[PDB]
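What follows is each chain in one-letter form.
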Amino acid sequence: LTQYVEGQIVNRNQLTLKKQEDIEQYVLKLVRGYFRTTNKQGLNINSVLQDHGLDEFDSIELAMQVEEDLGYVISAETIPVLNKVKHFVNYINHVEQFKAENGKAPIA
Amino acid sequence: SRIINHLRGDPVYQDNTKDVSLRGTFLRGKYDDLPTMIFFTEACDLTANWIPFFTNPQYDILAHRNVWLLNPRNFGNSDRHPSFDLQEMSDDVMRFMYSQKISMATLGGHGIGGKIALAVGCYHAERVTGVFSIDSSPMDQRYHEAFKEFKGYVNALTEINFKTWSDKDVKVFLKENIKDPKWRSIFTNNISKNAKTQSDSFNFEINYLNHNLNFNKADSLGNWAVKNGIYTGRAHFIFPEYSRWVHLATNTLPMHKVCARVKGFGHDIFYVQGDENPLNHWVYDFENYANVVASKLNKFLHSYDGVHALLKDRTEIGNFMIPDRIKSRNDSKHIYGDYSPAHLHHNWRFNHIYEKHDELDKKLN
Amino acid sequence: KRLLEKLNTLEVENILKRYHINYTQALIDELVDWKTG
Amino acid sequence: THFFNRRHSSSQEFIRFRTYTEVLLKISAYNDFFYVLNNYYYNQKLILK
Amino acid sequence: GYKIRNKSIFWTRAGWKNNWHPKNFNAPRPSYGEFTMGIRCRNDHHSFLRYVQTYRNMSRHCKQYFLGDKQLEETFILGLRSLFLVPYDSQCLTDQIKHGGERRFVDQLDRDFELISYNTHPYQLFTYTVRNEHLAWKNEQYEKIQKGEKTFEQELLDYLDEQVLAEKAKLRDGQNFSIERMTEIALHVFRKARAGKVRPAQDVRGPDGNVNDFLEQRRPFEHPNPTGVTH
Amino acid sequence: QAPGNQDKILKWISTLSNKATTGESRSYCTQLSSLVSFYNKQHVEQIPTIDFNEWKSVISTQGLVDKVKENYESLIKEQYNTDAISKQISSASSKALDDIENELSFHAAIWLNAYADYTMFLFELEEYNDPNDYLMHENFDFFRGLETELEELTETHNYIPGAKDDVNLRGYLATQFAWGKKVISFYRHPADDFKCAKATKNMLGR
Amino acid sequence: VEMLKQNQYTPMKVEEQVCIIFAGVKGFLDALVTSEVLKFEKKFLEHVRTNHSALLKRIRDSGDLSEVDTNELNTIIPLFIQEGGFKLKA
Amino acid sequence: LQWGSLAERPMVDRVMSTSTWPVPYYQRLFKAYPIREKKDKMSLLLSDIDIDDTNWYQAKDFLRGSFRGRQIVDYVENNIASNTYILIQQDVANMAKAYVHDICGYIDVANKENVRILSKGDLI
Amino acid sequence: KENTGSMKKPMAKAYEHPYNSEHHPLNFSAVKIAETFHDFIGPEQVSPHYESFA
Ligand SMILES: CCCCCCCCCCCCCCCCCC(=O)OC[C@H](COP(=O)([O-])OCC(O)COP(=O)([O-])OC[C@@H](COC(=O)CCCCCCCCCCCCCCCCC)OC(=O)CCCCCCCCCCCCCCCCC)OC(=O)CCCCCCCCCCCCCCCCC
Ligand SMILES: CCCCCCCCCCCCCCCCCC(=O)OC[C@H](COP(=O)([O-])OCC[N+](C)(C)C)OC(=O)CCCCCCCCCCCCCCCCC
């Protein structure tokens, strides 16, 4: 659960949102944290990542970061459909609903 | 004004070949202390035509060296003497270098000028750092078509008599007798009217020149004699791909035959990519030819000119050690070993930089 | 055009040609006027 | 073949794209003179005009 | 300087500059169901997702040895994208490759990842060496700054700012201090500073200002020519 | 004041307009030009002098000519305070100007970094001379990074020359006179084999 | 012809006519459509009186069109046509 | 520290040598490279590469080293509606808008002053 | 304001591979074989003489 940060070992912390308002804020904070994102303040819930300097390969780096912060195991079949902020919010909800009903994580 | 400074004088006919003084244009460099470059223009050709090449910011040649655009004897403003012996014409430069307090200089030439530059290195090698020849070779050109036209035109120019002929009679004579546009323009601008408009005449000695060419013997300017010897120093040759003066097939061998340090094609001998055009001899007119000559010229002056023979480039100065021959030094208690050869200041004789730095070295200790 | 083709068959000028710079007739006039003026 | 193509294959009518090594060298292998030149251009034009 | 003269240099039996489908005798031909009994083929429609997971792996497995260096993670990403964007930006028509360029590139990236999983890929070892040399130079500046000392980089910037003032204080006729002029001033200083490293500045003469250094020298007694004879 | 004070202002607007390509940009350039001409319009009408004594003498209403003079002179004293305006415009300019003041700066920093790249290359290139007279491993050290690329080809067994080069010019120079003139396909590996095979009602898969 | 036309009870100043008549012979009016030449006259004169007031004074006092005025006038006439909203398609 | 004369070049460019007879016959084939060290020199591969992402990424790195540069970076990456950090100017539309919106704002300044000066007293 | 700037402390070091060295490079190339080759045949044997030995 530990990772290196600027040469120092730091304990990694996982988040549990379980709320719509907390998800929209996390995704924006996530997308605004990526060094490739343009117009970080112009980014909203209905923002197309293509309109902010992000391509298919950048959505992977974002999904890879969602696994780090939340502990999910996102399959390669789901990544290439995450092209909008709205998509990350709905996918995160679908995962929380799946574990709350099926008692297990979705197929990876 | 300042960058362009050409000493002014009147040609003097001389009976003794040693009392010959050379005159030409001097182009000052950007920086304070720089080695000097002596450049010889084509025969009967103006020095001014080479000014835009050496004074172009894009090339920036003056950033490397100070340039002396010098006229050989019987050409331009320099003194006049019937002999064209390269040994005599080479001593003229050595006296000029002495009168101007130049210990050693970089030599360059265009066409026949290239021959004049190389002769100085052949007769005075200890005082020449390098040679850069443009569309020339140390070769007999008496039977080259390009030389025959020049040899033919000069003979036609002897028919005109300025005293009787009028200005219009001259212009008609040149167009019909001179077909080449460039040679025609060069000769027109070489005509000058002496003070008091007494009469017009050529800046170059038409009589002495025609005899050298018309006779067409060893002393001819087209000829390169075995008497001239070998050049021991750095030499770089640049000529057009299709050139009437230097044919790539066989006219490159004289370079190896006359210049001991010439490595070969691609290192010291280059050809400029170009089409067949009789005007390619005048590289300074066409940007494509000039841009390559300048880059190659700046490379020769920066890395190859004035560098010891056994060293590859100027980068090896101070880090490559040359082997020594046994029993070559007077000291008997000397352990023979490798050494880095001494490279001196370009004008160490007429300055006291060594005496000055010796004092500064003592202050450290 | 026909009569023109039939008829077909200054220090400032030379100095500018050395620098292979295209010069118009108007420019030549001003430079000459600049010297005389 | 690798040495010649990477030094003589580029042309002006096409775009030469940077490789991985060319990215690391430009960003993580620049010398002191390069660092000075960039800051020299920025201060004179972007700051001091 | 020198241009290729042969006009037919880029000609191939498949067309001009065709490096996607070279002409061969056994050319691809169609297949008909009604007449086809069985077939053995390895082509599939899994290359897209394999192109996605391969990126995620090569990125995540390389970050194990970056030590949380954020500036290096972002730099590595830019380099990783340049490797995956080759098929999308190349002159080669990757969509017309002989037997499927998608499968070809994916199988090629998989060979790079295998070496990456072992930390034996030349890009990794090259990134570590390049980065360590960079931090050693950055730490040298830090140690000199904590001592209040001036860095060699700041001394140049200060020496260049004052030279600009000296050169523009005399440039009154014109007032366009072009970027060209700013450059040649800096390069002239660089050439003198570059030569100063090998020959430092002892006195007011400055960097590499001693003629005696270029007189005849000899190898020291304690370090003779080890590779060859001297005489 | 009147002459020559607007010559420089005309060059700036001319260059600004010449750079405009889209019609929308041309429109804003016209708007900008009008504002400049509006602010730069010269007023010359030979403000006449008033001789109240002359009018006072010839004819006037008692107290009028004097009242106009004292009141006229009072307003003549009032004048614009150029100092106050000069300071406000210099301290803070505007909002929209700050948007492009920071945009064009980063824009220039992008292209100054590229200008420095090309410049420093030509600076380092001065030490490189006669590529044909350097040893193999010394040349690769000038072009640092080629050895790393050459290792990747070897470790992946991409030992077909020019397979990962989009323009394998070296391959074209070697095949100028080859039978079946062809170059290797892009990213071709010596181990990949896409051969297929089928069985039909006819023999030989036909 | 479209330039010489004039309404009733609308006299023009001598200096103003010189400017308009100048733009016509020089051929600048060939750019805009003919139907827009008449209105261009009004807009051009008004634009001159406001911004270019010293120019009108010289032409009036001296009564001659100096070379300096020609260059300035020759430069604004093509410029103004591009500034105002007209039918540039000839 | 010592810098010498700006005009003078390094002594290497000024220091020269000349040849004489006899001459060594040997023609050097290659440059000596006994020790494999080429430190402090940048790669010549970085020669003719077009503008790319490394240009704006390295610009921020150098801009973040200055106080004024840090403001430009934060504002550009947050308050500029652009689909890429590779800024290319091919029109002056965005530049003219910001000028007309600023130089126009300072209109009515003189007419405002006239109100005060003229509203002061009535000529009559 | 610019003169008041400071510099952050950078990282001490990046990853050091325990099985790659300059003399024993992990991966193979013809560049390292060239270094070992020219060390075997030695550098160019430059003659200081004016005539060849033969
Ligand atoms: C008990 C008592 C017994 C012992 C007593 C002691 C006696 C011991 C003997 C030792 C003698 C002194 C040794 C001195 C050095 C070696 C000899 C020598 O000439 O070196 C200088 C000679 C050149 O002199 P240089 O002036 O210093 O070089 C200047 C230039 O760099 C050169 O290149 P350039 O082109 O720039 O300049 C011109 C160049 C132009 O000429 C050349 O360059 C020659 C071209 C040759 C290269 C062509 C490609 C062939 C080589 C491919 C490599 C194959 C071998 C390796 C592969 C297998 C791995 C083992 O050189 C010349 O001017 C003419 C060449 C010299 C005259 C002809 C000599 C021919 C024989 C030499 C080779 C030996 C052949 C094998 C014979 C042995 C039989 C077992 O060097 C060589 O060319 C190669 C030397 C290799 C010799 C090995 C054999 C040593 C034994 C010597 C005994 C005499 C020869 C007996 C054979 C008789 C057959 C007719
Ligand atoms: C000494 C070191 C060892 C050397 C090893 C061998 C070196 C081989 C050098 C490479 C050349 C190899 C020849 C391949 C044929 C190239 C020409 C060609 O493609 O034909 C096009 C030819 C020529 O087309 P063209 O247009 O390019 O040239 C025409 C020539 N002129 C101009 C003169 C008319 O056209 C054809 O389509 C003919 C097709 C039949 C080709 C016959 C190929 C038979 C060989 C293939 C089997 C080999 C596999 C062996 C595997 C062994 C496994 C154990």
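In this structure, what is going on with the overall build of chain G? I would like to understand it.
The number of helices and strands found in chain G is 4 helices and 0 strands. The secondary structure elements of chain G, listed N-terminal to C-terminal, are α-α-α-α. Over its C-alpha trace chain G gives a radius of gyration of 13 Å, about what one expects of a compact globule, namely 12 Å for 90 residues. With the principal axes as the frame, chain G shows a C-alpha extent of 35 × 30 × 25 Å. Counting over 90 residues, chain G shows a buried share of 34%. Contacts in chain G between residues far apart in sequence, at least 24 positions, make up 69% of those at least 6 positions apart. Carbon and sulfur atoms make up 57% of the accessible area of chain G, which amounts to about 5,600 Å² in all.

What's the story with the environment of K362(B) in this structure? I'm lost.
Residue and element names in this part refer to chain B. Tracing the backbone through its elements, the reader meets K362 in helix α10 (residues 353-364). On the accessibility criterion, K362 (65% relative accessible area) is exposed. Taking the C-alpha atoms as reference, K362 lies 43 Å from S21; in sequence the two are 341 residues apart.

I tried to follow the nonpolar core on my own but got confused; where do I start?
Considering soluble globular proteins, one finds that nonpolar side chains tend to be buried as a cluster. By size, the foremost hydrophobic cluster in this structure holds 114 residues, and its most contacted members are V27(A), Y40(D), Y41(D), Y42(D), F190(E) and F106(F). Residues contacting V27(A), with those up to four places away along its chain left out, are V85(A), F88(A), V89(A) and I92(A). Formed by 93 residues, the second largest nonpolar core is a distinct cluster that contains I61(B), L107(B), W245(B) and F270(B).

Even after reading the chapter, I still don't get the interface of chain I and chain H, so can you show me in this structure?
How big an interface is tends to be reported as the loss of accessible area on association of its parts. Taken together, the 15 residues of chain I in the interface contact 13 residues of chain H. Taken together, both faces of the contact between chain I and chain H bury some 1,200 Å²; the carbon and sulfur share is 52%. Seen at the junction of chain I and chain H, the total is 2 salt bridges. Note that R28(H) and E44(I) form a salt bridge whose closest N and O atoms lie 3.3 Å from each other.

Even after reading the chapter, I still don't get the site of ligand 1, so can you show me in this structure?
Within the structure, ligand 1 sits among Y25(H), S52(I), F53(I) and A54(I). Two or more chains meet at ligand 1, and those chains are chains H and I. In this structure, an oxygen atom belonging to ligand 1 sits 2.9 Å away from a main-chain N or O atom of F53(I). Backbone polar atom of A54(I) to an oxygen atom of ligand 1: 3.3 Å apart, as the coordinates give it. About the coverage of ligand 1: the protein hides 9% of its 1,900 Å² of free accessible area. Counted by class, the shell around ligand 1 contains 3 nonpolar, 1 polar and no charged residues.

Would you take a moment to explain the environment of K257(B) for this structure?
Inspection of the secondary structure assignment puts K257(B) in helix α8 (residues 253-258). It is 19 Å that separates the C-alpha atoms of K257(B) and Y271(B), two residues lying 14 residues apart in sequence.

Explain the pattern of salt bridges here, please?
Two side chains carrying opposite charge are able to pair once their charged atoms lie near each other. All names here are of chain G. Scanning all chains against the criterion turns up 80 salt bridges over all chains. Taking the shortest distance from any N to any O, the salt bridge between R49 and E46 comes out at 2.5 Å. You can see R49 and its partner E46 sitting in helix α2 (residues 37-51), 3 residues apart, about one turn around the helix. According to the relative accessible area criterion, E46 is partly exposed, its value standing at 41%.

Help me out: how do you make sense of the UniProt feature "binding site: ATP" (unreviewed entry) in chain E in this one?
The UniProt record marks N43(E) and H45(E) with the feature "binding site: ATP" (unreviewed entry), using the residue numbering of this structure. In this structure, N43(E) is in contact with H99(E), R103(E), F194(F) and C196(F), ignoring residues within four places of it in sequence. At 3.5 Å, the side chain of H45(E) and the side chain of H46(E) are in polar contact.

Is there a simple way to think about the side chain of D33(B) in this case?
For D33(B), the position within the fold is in the loop between β2 (24-27) and β3 (36-40). At a separation of 2.4 Å, a polar atom in the side chain of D33(B) contacts the side chain of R14(H). Sequence-distant contacts of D33(B), that is, excluding residues within four places in its chain, are made with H345(B), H346(B), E8(H) and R14(H).

Can you help me understand the interface of chain H and chain F in this one?
At the interface, 64 residues of chain H touch 67 residues of chain F. For the pairing of chain H and chain F, the buried interface totals around 5,900 Å² over both sides, and the portion due to carbon and sulfur atoms is 65%. Of all residues in chain H, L44(H), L87(H) and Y99(H) give up the largest surface area on contact with chain F, accounting jointly for 11% of the area buried on that side. Across the chain H-chain F interface, the total number found is 6 salt bridges. Here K97(H) and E24(F) are joined by a salt bridge, their closest N and O atoms 3.1 Å apart. In this assembly, chain H and chain F are joined by 25 residue pairs in polar contact.

Looking at this structure, how should I read the site of ligand 2?
Every residue close to ligand 2 is listed here: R13(E), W179(F), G180(F), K181(F) and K182(F). More than a single chain frames ligand 2: its nearby residues are located in chains E and F. The separation between an oxygen atom of ligand 2 and a polar main-chain atom of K181(F) is 3.3 Å. Protein contacts shield 17% of the accessible area of ligand 2, which totals 1,300 Å² for the unbound molecule. Along the lines of polarity and charge, the residues of the shell around ligand 2 split into 1 nonpolar, 1 polar and 3 charged.

Mind showing me how you'd approach helix α5 (residues 122-146) of chain E here?
Side chains of residues three or four places apart in an α-helix project in the same direction, reflecting 3.6 residues per turn. Taking 1.5 Å of rise per residue, 25 residues should cover 36 Å, and α5(E) covers 36 Å from first to last C-alpha, within 8% of that figure. Immediately beyond the C-terminal end of α5(E), within one or two residues, lies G148(E), with a positive phi of roughly 70 degrees.

What exactly am I supposed to notice about the arrangement of the chains here?
Ranking the 19 pairs of chains in contact by number of contacts places chains F and H first. For chain C and chain F, which are not in contact, the least C-alpha distance works out to 21 Å. Taking C-alpha atoms only, the smallest gap left between chain A and chain G, which are not in contact, amounts to 35 Å.

What exactly am I supposed to notice about the packing of aromatic side chains here?
Two aromatic rings, taken as a pair, are described by how far apart their centres are and by the angle between their planes. Inspection of the entire model under this criterion finds 74 aromatic pairs over all chains. Taken together, a centroid distance of 5.8 Å and an interplanar angle of 85 degrees make the contact between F3(D) and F143(F) edge-to-face. Of this pair, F3(D) sits in helix α1 (residues 2-8) while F143(F) sits in the loop between α7 (136-142) and α8 (146-155), on two different chains. Each member of the pair, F3(D) as well as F143(F), carries the same accessibility label: buried. The structure contains a cluster of three or more aromatic residues connected by ring pairs, namely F147(B), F150(B), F162(B), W183(B), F187(B), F202(B), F204(B) and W282(B). When the ring centre of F143(F) is taken as reference, the NZ or CZ atom of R7(D) above it lies at 4.9 Å. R42(E) extends its terminal NZ or CZ atom over the ring of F194(F), reaching a point 4.5 Å from the ring centre.

Would you mind showing me how to read the pairing of strand β4 (residues 66-70) of chain B here?
Where a strand is regular, its side chains alternate between the two sheet faces. All names here are of chain B. The element β4 is extensively covered by neighbouring structure, given that 5 of its 5 residues are classed as buried. Because side chains alternate across β4, one face comprises the buried residues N66, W68 and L70, and the other comprises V67 and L69, equally buried. Of the strand pairs in this sheet, β2 and β4 are connected by 4 bridges, and their pairing is antiparallel. Residue pairing across strands places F26 opposite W68, the latter belonging to β4. One ladder, built from 5 bridges, connects β3 with β4; its direction is parallel. Along β4, the bridge assignment pairs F39 with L69.

What is the right way to read the state of the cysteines from this model?
Under the criterion given, the structure shown has 0 disulfides over all chains. Residue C122(B) stays outside any disulfide, its sulfur separated by 6.6 Å from that of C259(B), the closest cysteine.

Please clarify how the sheet that holds strand β5 (residues 105-110) of chain B should be interpreted in this entry.
Working definition: the strands of a sheet are paired by backbone hydrogen bonds and lie parallel or antiparallel to each other. Residue and element names in this part refer to chain B. What the 8 strands build is an open sheet, ordered β1-β2-β4-β3-β5-β6-β9-β10; its pairing is mixed. Either end of the sheet is taken by a strand with one partner, and the two such strands are β1 (4-6) and β10 (269-272). Sheet twist, expressed as the average angle between the axes of neighbouring strands with direction ignored, equals 20 degrees. As paired strands, β5 and strand β6 (residues 128-134) are joined by 5 bridges and run parallel to one another.

Conventions used here
- Residues numbered from 1 in each chain as written, not as in the entry; some residues may be left out.
- Chains lettered and ligands numbered in written order.
- Part of a larger assembly, values for the part shown.
- Heavy atoms only, no water.
- Helix = DSSP H or I, 4+ residues; strand = E, 2+ residues; numbered from the N terminus.
- Rg over C-alpha atoms; globule rule 2.2 N^0.38 Å.
- Buried < 20%, exposed > 50% of the residue type's maximum accessible area, 1.4 Å probe, protein only.
- Contact = heavy atoms within 4.5 Å.
- Areas by Shrake-Rupley, 256 points an atom, 1.4 Å probe, with all protein chains shown as cover.
- Core = buried A, V, L, I, M, F, W, Y, C linked by side-chain atoms within 4.5 Å.
- Buried area = accessible area lost by both parts, 1.4 Å probe.
- Salt bridge = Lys/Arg side-chain N within 4 Å of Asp/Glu carboxyl O.
- Near = heavy atom within 4 Å.
- Polar contact = N/O pair within 3.5 Å; in protein donor to acceptor, adjacent residues only side chain to side chain.
- Nonpolar A, V, L, I, M, F, W, Y, C, P; charged D, E, K, R; others polar.
- UniProt positions renumbered as here; feature names shortened; annotations may be inferred.
- Expected span 1.5 Å × (residues − 1).
- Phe/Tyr/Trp six-rings, centres within 6.5 Å; stacked < 30°, edge-to-face > 60°.
- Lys NZ or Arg CZ within 6 Å of the ring centre and 35° of its normal.
- Pairing = 2+ DSSP bridges.
- Disulfide = S-S within 2.5 Å.
- Axes fitted to C-alpha atoms, helices over the stretch in contact; angles between N-to-C directions.

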